[PDB]
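This report refers to the structure that appears directly beneath it.
What follows draws every value from the coordinates through simple rules; no lab data is involved. Cβ placement follows ideal geometry from the backbone for every residue including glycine, while neighbour counts extend to all protein chains displayed.
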Amino acid sequence: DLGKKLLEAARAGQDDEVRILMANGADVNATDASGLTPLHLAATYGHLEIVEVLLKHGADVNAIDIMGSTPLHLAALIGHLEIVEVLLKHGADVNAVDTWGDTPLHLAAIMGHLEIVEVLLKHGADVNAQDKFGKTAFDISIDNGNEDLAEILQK
Amino acid sequence: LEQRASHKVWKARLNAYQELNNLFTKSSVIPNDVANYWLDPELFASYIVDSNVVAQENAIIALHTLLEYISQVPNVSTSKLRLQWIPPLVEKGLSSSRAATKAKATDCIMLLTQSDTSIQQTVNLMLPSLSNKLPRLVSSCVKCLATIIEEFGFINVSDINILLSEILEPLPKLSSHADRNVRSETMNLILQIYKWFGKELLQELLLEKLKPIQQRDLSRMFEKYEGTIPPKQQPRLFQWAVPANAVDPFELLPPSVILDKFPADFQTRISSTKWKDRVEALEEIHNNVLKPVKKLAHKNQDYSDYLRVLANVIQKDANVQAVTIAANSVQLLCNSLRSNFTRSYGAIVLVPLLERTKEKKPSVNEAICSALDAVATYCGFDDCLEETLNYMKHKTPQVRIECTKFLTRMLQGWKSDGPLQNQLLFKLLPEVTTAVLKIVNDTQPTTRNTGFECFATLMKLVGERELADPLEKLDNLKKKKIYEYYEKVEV
Amino acid sequence: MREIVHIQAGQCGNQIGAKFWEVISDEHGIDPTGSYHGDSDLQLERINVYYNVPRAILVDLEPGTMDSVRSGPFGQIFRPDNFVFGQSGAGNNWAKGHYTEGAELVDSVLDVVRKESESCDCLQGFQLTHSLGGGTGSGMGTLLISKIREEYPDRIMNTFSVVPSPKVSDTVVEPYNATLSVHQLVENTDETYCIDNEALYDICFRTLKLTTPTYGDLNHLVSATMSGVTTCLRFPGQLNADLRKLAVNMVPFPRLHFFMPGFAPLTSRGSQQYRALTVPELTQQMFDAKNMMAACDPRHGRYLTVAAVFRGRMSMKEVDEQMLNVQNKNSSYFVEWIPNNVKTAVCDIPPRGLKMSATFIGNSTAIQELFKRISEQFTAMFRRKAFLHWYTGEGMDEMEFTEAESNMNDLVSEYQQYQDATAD
Amino acid sequence: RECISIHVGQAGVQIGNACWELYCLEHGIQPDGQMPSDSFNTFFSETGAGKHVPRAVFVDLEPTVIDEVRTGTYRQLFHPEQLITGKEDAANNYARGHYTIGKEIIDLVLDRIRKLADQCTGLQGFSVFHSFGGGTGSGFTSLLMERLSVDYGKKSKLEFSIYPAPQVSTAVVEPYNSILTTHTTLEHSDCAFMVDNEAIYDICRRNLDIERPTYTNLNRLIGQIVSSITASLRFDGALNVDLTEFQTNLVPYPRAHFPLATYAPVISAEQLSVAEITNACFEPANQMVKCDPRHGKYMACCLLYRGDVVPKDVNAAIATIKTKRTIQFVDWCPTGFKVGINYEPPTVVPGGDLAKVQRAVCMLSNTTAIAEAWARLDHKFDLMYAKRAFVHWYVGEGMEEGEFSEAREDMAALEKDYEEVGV
Ligand SMILES: Nc1nc2c(ncn2[C@@H]2O[C@H](COP(=O)(O)OP(=O)(O)OP(=O)(O)O)[C@@H](O)[C@H]2O)c(=O)[nH]1
Ligand SMILES: Nc1nc2c(ncn2[C@@H]2O[C@H](COP(=O)(O)OP(=O)(O)O)[C@@H](O)[C@H]2O)c(=O)[nH]1
Ligand SMILES: [Mg+2]
Ligand SMILES: [Mg+2]
């Protein structure tokens, strides 16, 4: 299966061998077991050129997996500021929700990616968005003693 | 991967242990010379002490399935094994902090304990570990000692007195040990000794010396115990323990001699060109001379002149009727003269009969097969096992299906001991299986379908695991037909 | 798949058998001395099939039949060794042919069969002609068939079996003999052409207007049918070329291999109609039940498979059209669940005495009518237990009759099942 | 660089003759093997005596057809060890081709293939020619393909199947044989060009102006279209230069590897423009498999022009069709039409009813409408297998009855695989 080799590459981060596999017509939106496209995997592990390569070949910027995770979720979780703005520029879902009720703003705030928090906010992130337990991004800064984030969330 | 069980990198050793654990599930009960993890038990003693917690645990579960693959005969070499193995198992398996590394080590000791005749040799080896630095080891191996007892118990123990003293000796110090667990788990070992011959004995020997609070808890523990002073039945039996007026035959009746019965006008009548001469000749000596009697004369009676003319017709005689009445004569001889057809008699009619299974007339196949069943029930598997295979390879479709059905018939009545290395096993894979597959893979379905039973009656005899090798080479589609009969078939 | 071994057994066997050899010897251009005086290669293209001199074995317990063949026209050509004949006759006793007297001789026959098969590049199968109401042709023939079936299981078995009818012999044991023989053929032969004397009389009497048909008159219809159905086998041609392929495209269920043959145009002994039929006329002798060699109405059942053989120079375009026509204009009579079940083939060399002809081999479920007639006569006879001491005396068991009776009725039921089957 | 051709059953063998007749005219090779005149040695090897021998094996379980090869116009061209024949044919029975008769000769055939592969240095793979409905063509091929996936597993294999058609059909059971081989040959084939004998019949009646075509008529037309596909491998073009590229360009799903081939122009021998012939590639009347691509989505599409062609005319004709027709593509496709050109003129046979044309084109397009062809077979199959008709023939020649169902499920699964791509 050529769609499975493109996932192996996009994850482990072999920029060149993506072009090889895609020149053989590999499925840009090929799903693994849990519904993760290569764009998911590259956006998780910080392979910026692989993200932009897949996106311009028609990667689903707002594709979800089995748990409702978009690539913007995973980029904002791990803290890949370069990729976050690439995804958003390609029409990413700033207020996407996943199965646990989190938005990308939740994940960037939990992991302390203050620089990504501000980018998401300026792309119209929902500061009052709640998760399953009922907590906003602002509640997380209150709960996690992060006054640097509380100020950045009310800006 | 064979010698890689001692390779430097851990993840290559981790393979060899999984490779081994497969080997001991998937290899032979009888056992390949490749299964030489008995006569060098230093190997697994090394593997159990692997310098890596993940590859260690995988060696123990390979030892575990090895150490239950060895509940097949003959492995009287379980004495050497307990010496070599349980000290590593106790010292560093029971010791382990890992949930699963420990659980399988105890299970291993269990299997070594029931390899033995009794519990003493295993007990005697793992006693010293009570005196070790690390508490969780003495915490644990007192729990392991206590459940080799509650499930087995003291039986077939030479000098129990010497053994009770040896395991009662540390119990004072263990019960005053610093560790909470070492103590708590020592009161359990006390109970399991009381549970078998307490409490008069333990109060004379050990209750006196413990803290008063302690002997109270032990008495409180004995009330909650219900059931007779020694347990009536053990929750687990040993090796030998688990397996643990003649009837009369009517054959004693006097013999009857039929040689005198025959008529002068017989030889030319059976060797005649007129079919009705032959039929009447055979039919007379059958209805007048054989059918009445119930036991022929064993002593000093040569029927191998009469039997070789029954064969001459059963094979070559063009009259299907004269065949039918002859094979019924042959059966009568084999039936009324049990224990005669050793070779000369049995063999004189055997290969002719197998040739004539070609006959498809129901009445005739009835008579030929039933006579083949006679020669078999008093000569099985002298000449038939080999020659039956020969005629499964024969060109006529009918003789294939019928001689294979014959092997099936015989195999259901295969009760010859033993217990191993019979004529069936000497030639099992080499010949029987190679020939049964030729039936299983025949061009005709009704032929193939006889093979499917004759393979499922085979597995039933000799283990659906032993033959899993040519099972794999077979179609997945034929496999589920074979299994169909395996589930229904009995011996 | 080249050579065919031919066998003829019993009186009828050697009669229609010799007649068949007369017909196809002419068609292939062989004289009674055994020499080629033809004038076309399409005649010797597949002469290796039936000839070497015929690859024919002649069998009868009745020794007289020997001479009735050799004193016939092409009687000189048959190999002297291939004559295998007994001392006495079977006398309409199937048991005598199958178990006692016929069984004594059957070995001698198999020796000759072996001899002729031994020197074959690649055998196709066998071809037996015989009557079913007799003792020898039925009893020894069916015993011969089984004996070959087991000695040559990698080969085809093809019979031309003729059914008894009161209209041709008033012997009442024939229902017994034919029932016992059908119980054999359904288990032992790949394909069987059902030649019905009932239908041969009804054709000679009603269509040919002969007030008293002789055997010769009935045998004329048979020999012409046989050359027709064997046209594919004897001349170059794409479709239904060898025995196995034919049976593969004719027999969808192993037991239902009893073909209802029929052909056109129906001529008398050496008459000429002075006007050759057209292609649509020939085609309209298919459902025409007055052309069936078996006394059955194709209208009363359904065709499972059909083979059409057009002989002569004619439009392959028109034949295709007419056959494609007659199928869909009678679509309810051809089974729907077997698509393209009718197959047509053309041979340019016409039959003797005709400019065009057409033979119509059909596996029609209507054939159950034929087996009904035989069974009712059998049962009427068997329920009063008449003449049973003949058969039982020769070693047969009364049970056999019940089994053959039941087995033929299962055969009738099977035909009735597939007739009432639906594709939906 | 070398490619080996294999011809199984009368269909393969007789289409083989037509193709190697046409290959030798296109390469100026003589019937005796000589040449008064590389890229073409992909298909031919060379003797020390200046003789050019095909890299081909002919197989039939019966002499008659291959006997005519080695007593005909091109008897000298082939080495006699390449022409293999049995004696008993498969009798329109996949079981006999695959199990009973095929096992008796498979080893001899595989051995003679090794002799041609041993002469080759960088072998690419195999071209395989065979009928569907034939017993040999279905059964033996599927067996041979299984065994080639072992003895040569790491290389390509391409099919040229003859899809059955009642107008020339010799057997009732041809649906059975088609399904049975397509099931067992599915995993072992990288790409497979189906040829509906009905379309080839229709084309020859309309454009060649023949009342009742013969096999020669159909085979010649077919050989022309086969030549158009293998032209890239024989003349070193730019597109489809080796066997892998067929899968790269046309196969975006291992299972769905059945391209529709369309060929224009078919001119009777009793010139058109570049634009006119490219429009005819999207006319169903000129397809090799009877279906309607308008009812389906394109997974890929290649255009193989050959002759007097200006590369700009092509781009105009492409833009015409890409704008003035609505060729629906799948969203996960490049959606760009791949092209290659070979400036040599289409060779016809001297005497042929097909005329020499100035330019010609062969469009290879993996459309989902070809599922219609599988549906027609599957339906005919279902009717007969509903009554277990003719099944005893197969089961009595070494075949398990289950294999019918396992094959039918694999065909039902393939019909679902075509559906999900096109929605
Ligand atoms: N287009 C084309 N079709 C053919 C040709 N020869 C046979 N066919 C078709 O192929 C199908 C099967 O026929 P064959 O290929 O001859 O059968 P086979 O492969 O020889 O197998 P067996 O004869 O059964 O042993 C039929 O439906 C024919 O219509 C041919 O030369 N050209
Ligand atoms: N068509 C035809 N039928 C015959 C001929 N001779 C006998 N029969 C039929 O065959 C049956 C008699 O069997 P027959 O062959 O004479 O006995 P056999 O010699 O023992 O096989 C009756 O049904 C007859 O009507 C013949 O020459 N032609
Ligand atoms: Mg007679
Ligand atoms: Mg063929």
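Some points to look at:
Per-residue answers, yes or no, for (1) more than 14 Å from chain D (Cβ to nearest Cβ); (2) within 16 Å of ligand 4 (Cβ to nearest atom); (3) among the β-branched types (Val, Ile, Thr):
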site	(1), (2), (3)
C:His130	yes, no, no
C:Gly141	yes, no, no
C:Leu144	yes, no, no
C:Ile148	yes, no, yes
C:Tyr152	no, no, no
C:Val162	yes, no, yes
C:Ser169	yes, no, no
C:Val173	yes, no, yes
C:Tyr176	yes, no, no
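- Qualifying positions in the stretch D:7-39 - within 16 Å of ligand 4 (Cβ to nearest atom) and among the hydrophobic types (A, V, I, L, M, F, W, C): D:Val8, D:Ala11, D:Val13, D:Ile15
- Any chance D:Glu146 is closer than 18 Å to D:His7 by Cα, away from chain C (no Cβ under 13 Å), more than 15 Å from the chain's Cα centre (by Cα) and not hydrophobic (A, V, I, L, M, F, W, C): yes
- Some residue of the stretch C:31-45 being under 30 Å from C:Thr392 (Cα atoms) and among the aliphatic types (A, V, I, L, M): no
- Residue match in the stretch D:98-105 (condition: more than 16 Å from ligand 3 (Cβ to nearest atom), under 19 Å from D:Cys19 (Cβ atoms) and among the polar types (S, T, N, Q)): no
Per-residue answers, yes or no, for (1) within 30 Å of C:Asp154 (Cα to Cα); (2) among the hydrophobic types (A, V, I, L, M, F, W, C); (3) surrounded by fewer than 17 Cβ atoms within 10 Å (Cβ to Cβ):
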| residue | (1), (2), (3) |
| --- | --- |
| C:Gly262 | yes, no, no |
| C:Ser271 | no, no, yes |
| C:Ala289 | no, yes, no |
| C:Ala294 | yes, yes, no |
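- Among residues of the stretch A:43-59, those that are touching an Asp or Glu at 6+ places or on another chain (Cβ under 9 Å) and away from chain D (no Cβ under 14 Å), counted: 7
- Residue within the stretch D:330-339 that is more than 21 Å from the chain's Cα centre (by Cα) and of a type in the set (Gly, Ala, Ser) present: yes
- Only one of the numbered conditions (1) aromatic (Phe, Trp, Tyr); (2) surrounded by fewer than 16 Cβ atoms within 10 Å (Cβ to Cβ); (3) within 14 Å of chain C (Cβ to nearest Cβ) is not met by D:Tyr343, and that is (3).
- The helices (runs of 4 or more DSSP H) found wholly in the stretch B:422-491 and carrying at least 3 residues that are within 14 Å of chain D (Cβ to nearest Cβ) occupy B:434-440, B:445-462, B:476-488.
- Count of residues meeting criterion [buried (at least 18 other Cβ atoms within 10 Å of the Cβ) and either part of a loop (DSSP other than H, G, I, E, B) or within 16 Å of ligand 2 (Cβ to nearest atom) (or both)] in the stretch D:80-93: 7
- Flag if B:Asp260 is of a type outside the set (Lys, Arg), surrounded by fewer than 16 Cβ atoms within 10 Å (Cβ to Cβ) and in a helix (DSSP H, G or I): yes
- Candidates A:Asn95, A:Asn24, filtered to the one that is in contact with a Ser or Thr (Cβ under 9 Å, 6 or more places away or on another chain) and within 14 Å of chain D (Cβ to nearest Cβ): A:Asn24
- The single condition among (1) within 14 Å of chain A (Cβ to nearest Cβ); (2) in contact with a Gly (Cβ under 8 Å, 6 or more places away or on another chain) that D:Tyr305 does not meet is (1).
- Matching entry among D:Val57, D:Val65 (being within 14 Å of another protein chain (Cβ to nearest Cβ), β-branched (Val, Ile, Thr) and not in a loop (DSSP other than H, G, I, E, B)): D:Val65
- Each residue in the stretch D:75-100 was checked for being over 15 Å from D:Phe132 (Cα atoms) and small (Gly, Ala, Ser), and 1 of them qualify.
- Subset of the stretch C:19-59 [surrounded by 18 or more Cβ atoms within 10 Å (Cβ to Cβ) and in a helix (DSSP H, G or I)]: C:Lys19, C:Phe20, C:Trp21, C:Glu22, C:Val23, C:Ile24, C:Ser25, C:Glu27, C:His28
- Within the stretch D:173-203, being more than 16 Å from ligand 4 (Cβ to nearest atom), part of a loop (DSSP other than H, G, I, E, B) and surrounded by 21 or more Cβ atoms within 10 Å (Cβ to Cβ) holds for D:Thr185, D:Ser189.
- Residue check, D:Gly102 away from chain C (no Cβ under 14 Å), under 11 Å from D:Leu143 (Cα atoms) and surrounded by 14 or more Cβ atoms within 10 Å (Cβ to Cβ): yes
- Flag for C:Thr159 being under 20 Å from the mean Cα position of the chain (by Cα), at negative phi, within 14 Å of ligand 3 (Cβ to nearest atom) and not in a loop (DSSP other than H, G, I, E, B): no
- C:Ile203 vs. criteria more than 16 Å from ligand 3 (Cβ to nearest atom) and in contact with a strand residue (DSSP E or B) (Cβ under 6 Å, 6 or more places away or on another chain): no
- When we screen C:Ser146, C:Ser117, C:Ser165, C:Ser138 for residues that are surrounded by fewer than 24 Cβ atoms within 10 Å (Cβ to Cβ), out of contact with any strand residue (DSSP E or B) (no Cβ under 6 Å at 6 or more places or on another chain) and in a helix (DSSP H, G or I), the only hit is C:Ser146.
- Matching entry among C:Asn52, C:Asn14, C:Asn92 (being more than 14 Å from chain B (Cβ to nearest Cβ), within 14 Å of ligand 3 (Cβ to nearest atom) and either aromatic (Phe, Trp, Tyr) or out of contact with any helix residue (DSSP H, G or I) (no Cβ under 6 Å at 6 or more places or on another chain) (or both)): C:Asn92
- Entirely in the stretch B:94-199, the helices (runs of 4 or more DSSP H) that have 1 or more residues that are out of contact with any helix residue (DSSP H, G or I) (no Cβ under 8 Å at 6 or more places or on another chain): B:99-115, B:160-168, B:171-175, B:180-197
- Residues of the stretch B:264-296 that are within 26 Å of C:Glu101 (Cβ to Cβ) and not in a helix (DSSP H, G or I): B:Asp265, B:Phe266, B:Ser271, B:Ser272, B:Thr273, B:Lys274.
- The set of residues in the stretch B:332-383 that are among the β-branched types (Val, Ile, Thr), in a helix (DSSP H, G or I) and buried (at least 18 other Cβ atoms within 10 Å of the Cβ) comprises B:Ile348, B:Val349, B:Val364, B:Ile368, B:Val375.
- Enumerated helices (runs of 4 or more DSSP H) restricted to the stretch C:314-424, each holding at least 2 residues that are within 30 Å of B:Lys361 (Cα to Cα) and not β-branched (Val, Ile, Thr): C:368-383, C:388-393, C:398-419
- Each residue in the stretch D:381-392 was checked for being more than 9 Å from D:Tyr176 (Cβ to Cβ), at the interface with chain C (Cβ under 7 Å from one of its Cβ atoms) and in a helix (DSSP H, G or I), and 3 pass.
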